[PDB]
Amino acid sequence: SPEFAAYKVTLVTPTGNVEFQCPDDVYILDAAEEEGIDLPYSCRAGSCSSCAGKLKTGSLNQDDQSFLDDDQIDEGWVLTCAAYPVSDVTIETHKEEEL
Ligand code: FES
């Protein structure tokens with residue numbers, strides 16, 4: 001394993017696909033915001049539905065999330081404020097209305 005790593009995040013947002021590198025120790029939301037992408041949120045603490053997305057491709061660490069149940073994680077749900085990439089990932093954002 002590397003001392004330092006980042007992963008390519010592809011977000012499929014309502015206004016288009018956007019891509020950026022996300023450090024492996026920065027949450028998806030935080031890294032998107034630093035690149036000027038506006039994503040939904042409210043609690044920023046892993047305990048609500050606001051920042052929900054769907055993982056389409058790759059792997060995440062969501063140890064820091066709590067609101068999604070184990071079946072929802074198995075089904076690909078993501079709380080973007082509380083998720084770290086562990087590989088390159090593609091995530092569809094703005095999926096709250098779907099819960
Ligand atoms: S903004 Fe509440 S869980 Fe992410």
Side-chain angles (χ1 to χ4, degrees):
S1 304
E3 289 309 303
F4 299 107
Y7 296 109
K8 182 183 314 206
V9 177
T10 302
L11 300 184
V12 176
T13 81
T15 58
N17 295 342
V18 297
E19 295 186 344
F20 56 89
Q21 296 301 110
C22 185
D24 73 359
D25 66 353
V26 172
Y27 295 129
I28 299 292
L29 175 61
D30 298 19
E33 282 175 348
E34 284 143 52
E35 297 281 30
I37 301 157
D38 294 321
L39 298 182
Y41 68 84
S42 66
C43 80
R44 306 182 72 99
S47 51
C48 86
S49 58
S50 292
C51 69
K54 296 292 279 125
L55 179 65
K56 304 313 300 178
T57 307
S59 300
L60 298 168
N61 174 2
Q62 295 196 70
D63 290 352
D64 294 356
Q65 87 82 45
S66 65
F67 170 75
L68 298 172
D69 66 28
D70 291 357
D71 286 345
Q72 287 170 314
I73 295 283
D74 289 339
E75 290 154 16
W77 286 101
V78 183
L79 300 188
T80 60
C81 75
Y84 296 106
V86 304
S87 72
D88 296 348
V89 290
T90 300
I91 297 165
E92 289 177 341
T93 64
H94 303 70
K95 297 299 212 178
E96 176 179 41
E97 275 210 337
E98 198 181 308
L99 296 154

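The figures that follow rest on heavy atoms only: side chains count, while hydrogens, waters and symmetry mates do not. Sequential numbering from 1 along the given sequence is applied to the chain's residues. In listed order, ligands and their atoms are each counted from 1.
- Considering only heavy atoms from C-beta on, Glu35 stays 4.5 Å or farther from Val18 through its side chain.
- With a cut-off of 2.8 Å, atom 2 (Fe) of ligand 1 has an N, O or S atom of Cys43 in range.
- Shortest non-hydrogen contact noted between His94 and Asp38 is CE1-O, 4.0 Å.
- Listed here is the closest heavy atom pair of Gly46 and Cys81: N-SG, 3.5 Å.
- Annotation: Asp70, atom CG; neighbour count of heavy atoms from other residues, nucleotides and ligands within 6.0 Å does not exceed 12.
- Listed by number with element, the atoms of ligand 1 under 4.0 Å from a non-hydrogen atom of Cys51 are 1 (S), 3 (S), 4 (Fe).
- Contact annotation: for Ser47 versus ligand 1, heavy atoms closer than 4.0 Å belong to the backbone alone.
- Inter-residue side-chain proximity for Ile28 and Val78 is flagged as unmet; no heavy-atom pair is nearer than 4.5 Å.
- Between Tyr7 and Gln21 there is no side-chain heavy-atom pair separated by less than 4.5 Å.
- Backbone or side-chain N, O or S atoms of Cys48 reach atom 2 (Fe) of ligand 1 at under 2.8 Å.
- Within ligand 1, counting atoms from 1 as listed, the ones closer than 4.0 Å to a heavy atom of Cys81 are 1 (S), 3 (S), 4 (Fe).
- Between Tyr84 and the choices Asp63, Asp64, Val89, the side chain to side chain contact (heavy atoms under 4.5 Å, CB included) rule is met once, by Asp64.
- Neither the backbone nor the side chain of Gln65 comes within contact range of ligand 1; no heavy atom lies under 4.0 Å.
- Listed by number with element, the atoms of ligand 1 under 4.0 Å from a non-hydrogen atom of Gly46 are 3 (S).
- Heavy-atom contacts of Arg44 reach the following atoms of ligand 1: 1 (S), 2 (Fe) (cutoff under 4.0 Å).
- The shortest separation from a heavy atom of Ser42 to ligand 1 is under 4.0 Å, placing the residue in contact.
- Listed by number with element, the atoms of ligand 1 under 4.0 Å from a non-hydrogen atom of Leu79 are 3 (S).
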